[PDB]
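**Student:** Please find one structure pasted underneath; my questions will follow.
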Amino acid sequence: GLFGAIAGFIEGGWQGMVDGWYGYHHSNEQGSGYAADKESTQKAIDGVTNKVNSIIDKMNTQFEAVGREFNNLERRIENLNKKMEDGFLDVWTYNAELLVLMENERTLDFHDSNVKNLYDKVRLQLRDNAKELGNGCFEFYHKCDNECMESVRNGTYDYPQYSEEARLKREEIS
Amino acid sequence: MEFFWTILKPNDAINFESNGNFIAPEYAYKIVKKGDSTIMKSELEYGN
Ligand SMILES: *[C@@H]1O[C@H](CO)[C@@H](O[C@@H]2O[C@H](CO)[C@@H](O[C@@H]3O[C@H](CO)[C@@H](O)[C@H](O)[C@@H]3O)[C@H](O)[C@H]2NC(C)=O)[C@H](O)[C@H]1NC(C)=O
Ligand SMILES: *[C@@H]1O[C@H](CO)[C@@H](O)[C@H](O)[C@H]1NC(C)=O
């Protein structure tokens with residue numbers, strides 16, 4: 001994990017999250033549960049599916065072995081044909097293995113950024129209102145309803161109004 | 001016995017002439033359809 005989002009900050013996955021890939025866990029007065037944001041997991045689905053097709057699409061043109069026979073008096077040509085056919089297979093099996101090996105690393109690293117950037121925007125929206133615990137948890141100050149959690153979920157967090165109540169909560173703990 | 005073969009194009013003639021050690025052809029092979037096929041080597045049998 002180069003970006004460090006997987007493990008690092010958040011080292012524990014959510015088994016209860018089956019709706020999508022990336023989501024938010026809310027623990028407020030109005031119960032608790034798991035919810036998903038579509039704009040993040042849909043792009044990952046489209047990107048990965050495009051990658052999967054790209055491996056198949058690019059590998060459409062490949063060497064196709066064909067049978068040739070010789071009459072026991074021309075063995076230099078038979079050896080030449082044998083070394084050419086398996087030589088091309090050796091070249092093509094290396095490209096397929098190398099392509100699979102590299103694209104496996106891409107998908108794991110691509111997923112790192114998406115959850116990392118998902119964390120980055122939530123920190124960038126909450127900012128002073130919440131505190132950073134270390135495992136991805138944010139503890140905000142205002143005593144709003146569950147709709148504010150949805151407001152965080154649609155990426156529409158208006159700052160000013162919530163600042164005054166939070167700054168009254170930054171001065172009572174100080 | 002050393003057997004030979006050749007391809008006879010349409011509207012073409014092949015002339016045989018010998019006075020011994022000759023093996024005259026009996027049936028000739030038409031080439032109706034030309035496509036793609038392979039002569040594979042295997043000991044398997046038909047599987048329906
Ligand atoms: C195998 O037999 C065929 C047909 O029996 C031979 O075809 C020959 O083809 C030539 C060229 O078309 C013909 O010449 C022309 O014939 C027409 C009609 O007779 C005439 O009006 C023209 O002025 C011109 O002479 C030739 O007649 C024809 N042979 C025939 C019909 O017996 C073919 O040549 C034979 N294969 C070999 C290797 O000879
Ligand atoms: C979700 O975000 C969009 C962003 O334009 C907003 O229009 C919508 O009101 C949000 N959902 C709720 C329940 O406020």
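Following the order of the structure tokens, first chain is A, next is B, and so on, with residues numbered from 1 inside each chain and ligands from 1 in the order they appear.
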Set the cut-off to 7 Å, count only C-alpha atoms and all ligand atoms, and list whatever residues fall near ligand 2 as a ChimeraX atom specification.

**Tutor:** /A:147,150-151,154-156

**Student:** Pull out every residue of chain B sitting within 9 Å of chain A, counting only C-alpha atoms, and send them as a list in words.

**Tutor:**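 On the chain B side, the interface is residues 38, 39 and 40 of chain B.
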
**Student:** For residue 6 (chain B), find every residue with an atom within 12 Å (counting only C-alpha atoms), except residues of its own chain fewer than 5 positions away, and show them as a ChimeraX atom specification.

**Tutor:** /B:13-14,25,28-29

**Student:** Mind writing the picked residues with C-alpha atoms as an mmCIF file, in the first residue's frame?

**Tutor:**
data_model
loop_
_atom_site.group_PDB
_atom_site.id
_atom_site.type_symbol
_atom_site.label_atom_id
_atom_site.label_comp_id
_atom_site.auth_asym_id
_atom_site.auth_seq_id
_atom_site.Cartn_x
_atom_site.Cartn_y
_atom_site.Cartn_z
ATOM 1 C CA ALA B 13 -4.606 -32.099 -69.825
ATOM 2 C CA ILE B 14 -2.124 -34.617 -68.427
ATOM 3 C CA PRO B 25 -4.272 -43.962 -62.056
ATOM 4 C CA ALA B 28 -9.025 -39.015 -59.643
ATOM 5 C CA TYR B 29 -9.724 -36.588 -56.803
#

**Student:** Measure the distance from CA of residue 137 (chain A) to CA of residue 23 (chain A) in Å and round it to one decimal.

**Tutor:** 12.8 Å

**Student:** Enumerate the residues of region 112-173 of chain A with a DSSP assignment of strand (DSSP E), computed from the backbone, and present them as a ChimeraX atom specification.

**Tutor:** /A:131-132,138-139

**Student:** Taking N, CA, C and O atoms for each residue, export the selection above as a PDB file, in the first residue's frame.

**Tutor:**
ATOM      1  N   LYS A 131     -12.293  16.169  15.292  1.00  0.00           N
ATOM      2  CA  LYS A 131     -10.932  15.815  15.670  1.00  0.00           C
ATOM      3  C   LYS A 131     -10.539  14.521  14.971  1.00  0.00           C
ATOM      4  O   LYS A 131     -11.376  13.633  14.768  1.00  0.00           O
ATOM      5  N   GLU A 132      -9.270  14.424  14.592  1.00  0.00           N
ATOM      6  CA  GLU A 132      -8.744  13.234  13.934  1.00  0.00           C
ATOM      7  C   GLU A 132      -8.208  12.276  14.992  1.00  0.00           C
ATOM      8  O   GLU A 132      -7.274  12.616  15.728  1.00  0.00           O
ATOM      9  N   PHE A 138     -13.731  10.606  12.826  1.00  0.00           N
ATOM     10  CA  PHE A 138     -13.919  12.038  13.019  1.00  0.00           C
ATOM     11  C   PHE A 138     -14.982  12.253  14.084  1.00  0.00           C
ATOM     12  O   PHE A 138     -16.070  11.674  14.004  1.00  0.00           O
ATOM     13  N   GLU A 139     -14.668  13.082  15.077  1.00  0.00           N
ATOM     14  CA  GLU A 139     -15.581  13.383  16.175  1.00  0.00           C
ATOM     15  C   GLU A 139     -15.886  14.875  16.150  1.00  0.00           C
ATOM     16  O   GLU A 139     -15.131  15.681  16.704  1.00  0.00           O
TER      17      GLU A 139
END
